[PDB]
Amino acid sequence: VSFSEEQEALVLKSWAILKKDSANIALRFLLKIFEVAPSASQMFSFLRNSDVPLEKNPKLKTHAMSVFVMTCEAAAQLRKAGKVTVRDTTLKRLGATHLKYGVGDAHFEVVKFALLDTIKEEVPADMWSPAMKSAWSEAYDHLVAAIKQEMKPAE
């Protein structure tokens, strides 16, 4: 896996834009998943805030952030070491949770799709490219693959 500094930079600087506006963007991201695959949003709770009808669960925002943060971290690792180097304790845990809630390939792929959609939508038209798309995809795909190694018996 050759993951260049340029590719990493595409991920970092695009993320820096989503971070500046993380509350509004997280909600658009969540509602995108709900649009594509309502059953994914079902794996969590329903509804809870300050007497609000919106889709504002705390755990949904936190999870959204985790996906983006860890994928970004994963970009960093591919550059530095050419592989995902997340703590083996963290990987076992991620493994166990996702298998417990019955997350399959379809779910990981829906989230990938909504993640890329969100980035394209939120960053300026001239920052976006197939190169940006592939930089994020590669990182995500490598992170998902490592989690899945811990979702099945000793290879």
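Counting begins at 1, following the sequence as shown.
Student: Name the higher of the two by mean Cα B-factor in the PDB entry, 38-46 versus 65-73.
Tutor: For C-alpha atoms only, the mean B-factor is higher in 38-46.
Student: Can you tell me which stretch has the higher mean Cα B-factor, 97-105 or 53-61?
Tutor: Averaging CA B-factors over each stretch, the winner is 53-61.
Student: Using the temperature factors in the entry, find which of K120, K32, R87, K112 has the highest value at its Cα atom.
Tutor: Reading the PDB entry, the winner on C-alpha B-factor is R87.
Student: Could you tell me which third, lowest, middle or highest, the C-alpha B-factor of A125 occupies within its chain?
Tutor: Middle third - that is where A125 ends up once the chain's C-alpha B-factors are sorted.
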